[PDB]
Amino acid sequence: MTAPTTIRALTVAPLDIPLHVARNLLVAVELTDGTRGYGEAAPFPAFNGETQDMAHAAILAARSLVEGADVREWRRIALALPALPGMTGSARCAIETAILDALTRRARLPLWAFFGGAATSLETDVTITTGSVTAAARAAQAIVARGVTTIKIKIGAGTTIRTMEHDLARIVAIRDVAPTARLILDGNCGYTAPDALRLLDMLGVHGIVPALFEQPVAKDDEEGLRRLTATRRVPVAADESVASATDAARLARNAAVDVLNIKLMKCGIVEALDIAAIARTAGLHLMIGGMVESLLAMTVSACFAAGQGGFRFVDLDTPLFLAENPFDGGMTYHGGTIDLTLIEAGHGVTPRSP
């Protein structure tokens, strides 16, 4: 006799979404009883080296342990994935999402309810890419118009005093167009502890004190981080540096950062839950984010953060930049306010057809 919760099929297709392309995967699990969960891989090679083919390979590699398994055992499966030779972060994520979506779709259980039900809405910020000063203000005007109050500002790359004075020029113009906006700085591993600091003074001169400097120094520079953090003048967030419950434990231990940025696409859900717990207990604050993701990975991210509650920073903006939306359902935007109340089973997102 066949148990309804048994996983019959793990399938995957490309999910290339045009911008203005994002090479993503759409993962699907089906239970012997007919229910389907979906999940999405959004590998970002520039971020960690992993690619679509590599994450595509991993998902196929995982059929061995996923198919035949019970969806009710999402935790022993999640823990089994890493051991597969080809395994990658964003497949862990897409697989785990697809499994939890099936489990909860079937149970008629909002995914945000699964994650705790602390909240059912979020207030997202919106990112401004690094370009000209004109574009920064132009962007900032569109933001303000939307009703978004926090804005994340990209800067650097991996430096001078002129590159900094240009990055500084942008931030000024942006504050001018948004005088009461909460500002986040996204260093993106492009600063030295000193360089990072020099700039904070230029910004201090013009009367700007960022609400957060996210990942000023480089990934392996948990010393610059620790450093910058000690000069208690701007909250420092670990992004690239934190990608496991273990990094998170260490970061907290060495007082390297004030804020942890969680991304399900980096490590998956089961792991994120542990990072969440470690941050809570160490009293580090939480940012939620993502790669280049559609409504699917981004909804799951909001159901995670709202469900859990306790996230000071929410950076779930990418579906505002995509030029297509291949999905039915999922979270809803009202200005900068993400609404989850219409999600009644799983994460509510399903593929459409033309």
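Throughout, we count residues from 1 along the sequence that is shown.
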item	value
Deposited but uncoordinated residues in the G158/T159 interval	4 to 9
Between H334 and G335 - deposited residues without coordinates, as a size class	none
Mean temperature factor over C-alpha atoms, higher-scoring stretch between 104-112 and 186-194	186-194
Higher-scoring stretch by recorded Cα B factor average, 250-258 or 267-275	250-258
Selection by C-alpha B-factor (highest) of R92, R75, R280, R138	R138
Highest-ranked of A83, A243, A118, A181 once sorted by CA temperature factor in the record	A181
Third of chain Cα B-factors occupied by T5	middle
Chain-wide C-alpha B factor ranking for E222, given as lowest, middle or highest third	highest
B-factor third for the C-alpha atom of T229 within its chain	highest
Chain thirds of CA B-factor: placement of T97	lowest
Assigned third (lowest, middle, highest) for the C-alpha B factor of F47	highest
